[PDB]
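To begin, one chain is listed below as structure tokens, in the form deposited in one PDB entry.
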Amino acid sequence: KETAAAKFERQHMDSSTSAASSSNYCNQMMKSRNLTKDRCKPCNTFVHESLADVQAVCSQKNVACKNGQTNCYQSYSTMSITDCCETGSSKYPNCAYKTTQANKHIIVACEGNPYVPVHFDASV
């Protein structure tokens, strides 16, 4: 099956490009990463940093997870990200998104061996 770590990468990683210099970015990425298959995932964040740099966050600032668990970590620095959220008219199966570029500290849930990101908790 798809591992939790693999899912995090498919849903949230995009090192392949430094940014989303296109209004079509989210529509294309949400679609290609299968985030529009059975429903339009409302909002989703893509991180534009190397997978290695994101994985390194798992040994950075230990902070509470949204659910109160102890395995979340916040990046010391802000990271380049793209926030994708449905437009007002977006209605499954015709998902449509608004692309917003930003730079924020990210918080990820980590697990396993190797200890890696398995959930994108939030960006602050």
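When you see a residue number, it is the position in the sequence shown, counting from 1.
Q: Tell me which stretch has the larger mean Cα B-factor in this entry, 108 to 116 or 16 to 24.
A: Result: 16 to 24.
Q: Do the C-alpha atoms of 34 to 42 or of 72 to 80 have the higher average B factor in the entry?
A: According to the entry, 34 to 42 carries the higher average C-alpha B-factor.
Q: Checking the entry, which one of 94, 59, 50, 99 has the top C-alpha B factor?
A: Out of 94, 59, 50, 99, the record gives the largest C-alpha B-factor to 94.
Q: Compared with the other modelled residues in the chain, in which third is the CA B-factor of residue 4?
A: Middle third of the chain for residue 4's C-alpha B-factor.
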